[PDB]
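See structure below.
First the proteins, then the strands, lettered A, B, ... as listed; each starts at 1. Excluded from the calculations below are hydrogen atoms, water molecules and symmetry mates; all remaining heavy atoms, backbone and side chain alike, are included.
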Amino acid sequence: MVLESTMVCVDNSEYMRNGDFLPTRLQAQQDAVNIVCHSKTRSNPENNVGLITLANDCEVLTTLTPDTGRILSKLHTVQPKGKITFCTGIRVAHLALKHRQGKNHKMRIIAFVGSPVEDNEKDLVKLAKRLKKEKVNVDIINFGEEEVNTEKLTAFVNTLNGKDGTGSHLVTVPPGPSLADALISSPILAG
Amino acid sequence: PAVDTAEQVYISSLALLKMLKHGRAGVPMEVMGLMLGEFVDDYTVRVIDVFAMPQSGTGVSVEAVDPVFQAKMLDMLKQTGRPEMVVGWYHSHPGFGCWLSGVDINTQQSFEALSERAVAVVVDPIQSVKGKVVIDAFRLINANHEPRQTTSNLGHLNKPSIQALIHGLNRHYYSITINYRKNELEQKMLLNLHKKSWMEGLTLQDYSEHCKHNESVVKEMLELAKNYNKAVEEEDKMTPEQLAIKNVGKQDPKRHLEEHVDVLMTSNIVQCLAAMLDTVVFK
Amino acid sequence: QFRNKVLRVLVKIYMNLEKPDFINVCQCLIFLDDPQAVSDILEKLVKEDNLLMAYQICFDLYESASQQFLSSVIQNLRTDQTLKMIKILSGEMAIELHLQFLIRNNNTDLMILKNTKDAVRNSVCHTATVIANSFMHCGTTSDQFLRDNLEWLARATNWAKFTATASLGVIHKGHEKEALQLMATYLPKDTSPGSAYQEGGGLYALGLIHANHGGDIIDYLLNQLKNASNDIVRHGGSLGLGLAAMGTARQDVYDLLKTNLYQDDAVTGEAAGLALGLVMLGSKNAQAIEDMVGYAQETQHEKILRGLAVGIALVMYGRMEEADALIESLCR
Amino acid sequence: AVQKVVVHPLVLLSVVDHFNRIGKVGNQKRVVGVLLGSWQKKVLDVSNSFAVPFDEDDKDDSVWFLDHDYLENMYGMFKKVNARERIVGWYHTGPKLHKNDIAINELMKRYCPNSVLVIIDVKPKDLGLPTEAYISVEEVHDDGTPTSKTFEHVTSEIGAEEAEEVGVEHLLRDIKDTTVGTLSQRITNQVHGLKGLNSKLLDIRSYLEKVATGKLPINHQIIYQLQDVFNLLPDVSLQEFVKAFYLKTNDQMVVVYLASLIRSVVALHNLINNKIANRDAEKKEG
Amino acid sequence: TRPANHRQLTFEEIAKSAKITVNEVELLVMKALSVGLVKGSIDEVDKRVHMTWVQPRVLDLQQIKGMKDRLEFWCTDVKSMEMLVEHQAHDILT
Ligand SMILES: [Zn+2]
């Protein structure tokens with residue numbers, strides 16, 4: 001029922017070659033974003049979702065579109081390469097869902113961090129406070145398990161939803177070969 | 001409950017150019033489109049932009065073919081910073097002047113029913129010339145009294161044309177003054193349009209060609225001087241009325257000599273001054 | 001500067017005479033803008049038995065001197081004859097005398113107005129003939145034409161009604177003895193309620209009656225404008241208040257008119273700009289010029305622009321070469 | 001390779017409108033959009049344009065966003081309204097080239113392989129044309145070694161159709177002064193040319209001062225071009241040049257003198273005719 | 001090295017500088033022209049070479065400052081002529 005413009009930040013880095021998480025982390029994350037996009041569309045028919053990659057620098061593949069077929073189709077040919085630039089990717093996503101189609105919609109970022117983040121704590125907390133001022137929620141998935149912990153991510157999310165904001169999230173998934181869609185249950189339902 | 005005669009419709013430069021270009025493109029047809037703007041006060045109907053729409057028709061009528069385009073265009077302009085909504089429609093009358101026909105009145109009736117103060121603008125491309133553009137804004141009169149109230153002289157300054165009066169002006173519809181308020185950047189860009197590159201100003205002109213042109217004009221002036229001598233001997237054996245028709249179908253040596261003198265003086269003075277200026281500027 | 005020096009020398013020569021020409025000296029003093037000297041001369045005359053000199057001089061001052069000049073001469077004097085003299089400079093006596101003269105000598109042919117009314121065939125000519133009647137009877141206190149042609153006047157609607165109501169104030173020019181009740185009778189309360197045009201016209205008419213000479217009317221119109229709700233009422237009140245306070249740089253009036261202007265409404269804005277000009281007339285107030293020019297360059301209402309265009313010129317009245325900068329900027 | 005770019009006045013005024021509306025929205029400095037147009041065998045023609053959402057971080061030159069989905073949709077609609085126009089390049093009102101321009105051009109090259117950038121200065125503090133055209137090209141060096149993608153200048157001019165010319169001339173009732181004679185041939189050139197040359201030389205002087213003091217590093221290519229310029233500067237004290245100059249000046253002044261003589265004779269003729277007319281009128285009235 | 005206004009070398013000078021006899025000066029200069037190092041002509045009758053263009057070379061900061069000073073002179077001349085024209089023709093251009 002709630003209007004939400006949610007931009008997905010997918011990680012097509014070189015650590016996605018790893019087969020630890022089911023048939024390659026790339027395919028696991030493909031299924032995960034499939035379920036997340038379907039969940040958003042089912043939650044609201046007018047809800048619009050987009051796609052951004054976190055490759056060498058960044059790349060926007062599909063801006064906010066109510067349909068999901070184009071997003072899924074573009075998801076193919078997302079072959080991994082390069083490192084991950086979390087700060088730049090999130091800033092680009094922030095700009096993209098600042099230039100919304102409908103200003104009454106809410107603003108959200110679902111990020112799939114399946115690789116270490118090389119951004120210091122200070123820059124990440126600065127980004128956290130800026131996004132809190134701009135009223136953005138960041139659902140972060142600690143995919144990949146390259147650190148599978150508060151790899152400078154729990155600080156990010158807690159800074160976001162500080163003072164009982166309960167807006168952001170950080171779902172950490174173990175390397176257990178279980179479908180990432182099967183694992184995700186917090187943001188989809190109890191958002 | 002007044003609708004005053006001092007009301008004006010402010011047409012932006014962009015809107016005017018778009019209207020004229022589309023109308024001229026559709027020279028035999030009455031190509032048409034929508035006008036976006038705001039209803040500021042009861043004395044202003046600001047037109048800030050216009051966009052043509054997919055339409056098809058013959059030389060006797062034109063109709064739009066899809067409304068989905070209009071809706072989508074409004075949305076996709078709002079998304080980029082033009083939240084203004086439709087305030088009227090424009091269509092071109094190629095050579096018939098400016099006025100509304102029966103179909104035009106029906107369309108304007110629909111627009112009025114939607115929004116009270118919607119206006120119709122008729123732009124005639126072919127009758128427009130460089131200095132002046134033939135354009136007018138209209139609105140309808142109900143089946144009633146006077147259509148408007150006059151609290152100033154602003155309305156009665158246009159002298160409505162005979163063609164519009166014949167076709168129904170002041171009887172089925174009334175005109176609204178068009179004003180062309182501009183912003184600083186629009187003014188500056190319009191002035192800068194015709195500005196040329198700086199190097200073009202200092203660039204000289206092939207001396208062979210310059211000398212050839214001078215020689216040609218002096219040779220022409222020789223024959224013109226012969227004819228001028230012949231003509232001066234006349235003007236005494238000429239009736240006061242016959243002089244005027246004397247220069248009909250026959251060359252005027254005095255006029256041609258003056259024109260050639262002007263052109264020669266301008267060219268030579270400009271060339272000499274440019275040569276000296278370059279001589280100093282470039283070492 | 002040289003003219004002022006020569007006028008001072010002439011004043012000295014006038015003083016040094018057996019029977020000094022105090023009238024011409026006061027004229028030259030008005031030119032020099034030195035109310036101190038005129039106050040001193042009036043004090044000396046009262047100290048002598050030259051009440052006739054004092055009265056004639058004060059009459060001439062009121063008739064051909066600025067309000068600021070008159071006010072200073074009324075403040076210098078203050079800090080039975082003095083009360084009588086001040087009542088001359090305050091202008092009450094002159095206004096009453098002119099009103100009596102115009103009432104008594106009121107030869108006007110109503111046949112011409114009747115012919116115009118019969119020939120009238122549209123709203124423009126209707127309002128034109130109403131204005132012409134107001135001009136003909138300005139100061140005569142007479143409204144026989146309006147009284148007898150009541151059913152013909154009802155045709156006017158909207159701003160025509162506004163002008164028709166203001167014509168009453170035009171007719172009653174200077175009839176300040178009882179203006180509040182005089183206008184209330186014409187604009188009855190709880191009688192055909194809901195005529196914002198009529199109410200605004202009434203405020204405008206009070207202003208026109210008390211033009212250039214305010215007093216309690218300034219405060220009355222200030223309160224009415226503050227309590228006003230309709231834009232027509234605000235426009236009429238702004239015009240009336242400007243006329244009432246014309247020439248007195250009263251900060252309360254200026255601030256109220258500025259708030260009405262910044263309300264950003266065309267009908268209110270035109271009158272607000274004109275009233276600001278009238279209020280801060282003559283004065284070179286940098287604050288007023290800055291505010292008015294800035295709003296002229298910031299607003300998007302040609303009506304407000306027109307009002308402010310008149311207002312700025314009114315503001316810079318009199319100042320000959322102190323207006324060069326503003327003139328150049330506005331022309332550019 | 002483009003030899004010339006013709007930018008119609010409607011494109012410029014649309015750019016101004018886009019800039020004004022985004023500025024009224026607020027918090028932006030540069031505007032971006034597409035340039036629909038057509039090709040005429042190496043002489044481009046930019047006829048129309050449309051806005052495109054665009055944002056950038058004022059600190060990072062790598063956080064920028066352009067809505068290519070919106071670009072495609074609006075291009076489809078513009079094609080549905082006028083088929084003869086196809087995407088040709090992008091425009092931005094930034095006063096001078098930014099560092100993200102090559103990236104934006106690479107994005108737009110997927111819609112127009114020979115994309116042409118046009119910078120339109122909507123606040124021109126100068127004396128010259130408002131359009132600068134650039135084309136992306138690969139630059140191979142000799143010591144700079146890595147081949148980078150640099151922007152190469154292309155001649156840009158303003159042209160118009162008949163309707164556009166009529167509309168512009170009608171709207172140009174702001175300050176109209178044609179005076180095609182010597183007056184305009186003195187203002188539009190001479191003065192304007194000298195002022196522009198002074199501006200360019202002042203820019204070169206500022207760069208050279210920065211280089212000499214040490215704010216900027218040395219650019220061997222710029223220094224070489226400056227050497228070529230100073231070499232091209234001619235010498236005007238040569239006897240042969242002086243003699244040729246005097247000869248040509250004498251010829252031009254001969255023609256000028258003959259023209260002035262013709263003018264004087266015509267003036268005398270007019271005076272004689274006027275005196276005849278006045279004398280005859282006085283005689284008849286008497 | 002030679003200033004732009006003279007830039008007219010002589011056979012004996014080239015021979016002395018390059019340690020070759022006067023006869024080979026012509027061939028040396030022709031090889032230079034062919035390769036493209038310098039542009040000019042050879043006048044055997046007067047025994048001179050008129051060099052009109054030498055290849056650009058890398059300059060140090062002192063030479064850059066010299067170029068800046070020359071630009072200053074050039075700009076001063078340009079401004080002087082602009083002021084002259086404006087002042088003299090203000091009547092026709094206001
Ligand atoms: Zn029609």
Side-chain angles (χ1 to χ4, degrees), chain D residues 127 142-144 175 177-241, chain E residues 1-10 29 32-33 35-41 43 45-46 48-94:
Chain D
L127 251 72
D142 313 356
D143 317 324
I175 293 294
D177 297 307
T178 296
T179 56
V180 189
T182 322
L183 168 44
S184 181
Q185 279 278 244
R186 199 57 22 64
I187 65 103
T188 207
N189 61 84
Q190 302 337 314
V191 166
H192 186 107
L194 293 161
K195 280 172 125 292
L197 183 83
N198 191 57
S199 157
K200 297 270 175 291
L201 297 213
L202 248 56
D203 164 287
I204 297 164
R205 261 190 56 261
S206 168
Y207 170 77
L208 277 194
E209 165 268 16
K210 283 201 262 305
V211 154
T213 182
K215 286 126 144 192
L216 276 143
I218 273 179
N219 227 22
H220 298 341
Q221 63 277 52
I222 288 166
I223 301 299
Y224 299 166
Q225 283 225 42
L226 282 163
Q227 286 178 72
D228 275 27
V229 165
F230 281 108
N231 180 292
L232 259 164
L233 264 163
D235 182 351
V236 289
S237 163
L238 271 283
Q239 299 341 283
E240 259 272 347
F241 174 80
Chain E
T1 296
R2 303 267 279 211
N5 96 338
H6 304 117
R7 208 77 94 63
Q8 184 165 305
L9 328 177
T10 179
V29 172
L33 292 150
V35 168
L37 307 174
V38 318
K39 276 191 215 123
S41 297
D43 195 304
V45 173
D46 294 308
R48 294 192 196 281
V49 300
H50 302 79
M51 300 287 160
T52 82
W53 164 91
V54 70
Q55 224 202 46
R57 70 183 50 213
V58 178
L59 300 181
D60 318 314
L61 265 64
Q62 283 69 333
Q63 291 146 303
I64 274 157
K65 272 190 226 91
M67 264 169 43
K68 191 183 107 40
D69 290 342
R70 193 52 158 89
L71 268 170
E72 257 170 71
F73 280 56
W74 189 4
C75 92
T76 282
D77 265 355
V78 160
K79 192 53 163 5
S80 92
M81 212 48 75
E82 187 214 344
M83 286 315 197
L84 162 61
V85 165
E86 256 169 39
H87 173 257
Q88 289 273 316
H90 174 74
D91 267 276
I92 70 192
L93 62 151
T94 317

TODO: Please flag which part of E/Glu72 lies under 4.5 Å from any non-hydrogen atom of chain D: side chain, backbone, both or neither.
DONE: both
Open item on the list: Quick check: closest heavy atoms across E/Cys75 and D/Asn198, and the distance to 0.1 Å?
Closed with: O-OD1, 3.7 Å
Task: Separation of D/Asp177 CG from E/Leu93 CG (nearest 0.5 Å) - done: 11.5 Å
Task: Atom group of D/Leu233 that falls short of 4.5 Å from chain E, counting heavy atoms - done: side chain
Task: Shortest non-hydrogen contact between E/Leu61 and D/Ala212, atoms and distance - done: CD2-O, 3.3 Å
Task: Choice from E/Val54, E/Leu59, E/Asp60 maximising heavy atom contacts with chain D below 4.5 Å - done: E/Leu59
Open item on the list: Once rounded to the nearest 0.5 Å, what's the spacing between atom CD of D/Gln190 and atom CE of E/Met81?
Closed with: 11.5 Å
- [ ] Could you check E/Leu71 against D/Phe230 for side chain to side chain contact (heavy atoms under 4.5 Å, CB included), going step by step and ending with a plain yes or no?
- [x] CA-CA 9 Å; E/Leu71 268 170; D/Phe230 281 108; 3.7 Å; yes
Task: Separation of D/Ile204 CD1 from E/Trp74 CH2 (nearest 0.5 Å) - done: 7.0 Å
Open item on the list: Checking an interface table here. Which of residues 216-224 of chain D come within a heavy-atom distance under 4.5 Å of chain E?
Closed with: D/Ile218, D/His220, D/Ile223, D/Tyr224
- [ ] State the CG-NZ distance between D/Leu201 and E/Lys79, to the nearest 0.5 angstrom.
- [x] 13.0 Å
- [ ] Tell me, for E/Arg57 versus chain D, whether the close heavy atoms (under 4.5 Å) come from the side chain, the backbone, both or neither.
- [x] both
Task: Choice from D/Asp235, D/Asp228, D/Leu197 maximising heavy atom contacts with chain E below 4.5 Å - done: D/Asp228
Task: E/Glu86 side chain reached by D/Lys195 side chain, heavy atoms, under 4.5 Å - done: yes
Open item on the list: Measuring from atom CD of D/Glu209 to atom NZ of E/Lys65, what distance do you get when rounded to the nearest 0.5 angstrom?
Closed with: 11.0 Å
Open item on the list: Looking at D/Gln225, I'd like to know if its CD atom is crowded, meaning that more than 12 non-hydrogen atoms belonging to other residues, nucleotides or ligands lie closer than 6.0 Å.
Closed with: no
TODO: Could you please state which residues from residues 179-186 of chain D sit under 4.5 angstrom from chain E, measuring non-hydrogen atom to non-hydrogen atom, sorted by number, or 'none'?
DONE: D/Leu183, D/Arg186
Open item on the list: Could you check whether any side-chain N or O of D/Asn231 sits under 3.5 Å from a backbone N or O of E/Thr52, counting only pairs where one atom can act as donor and the other as acceptor?
Closed with: yes
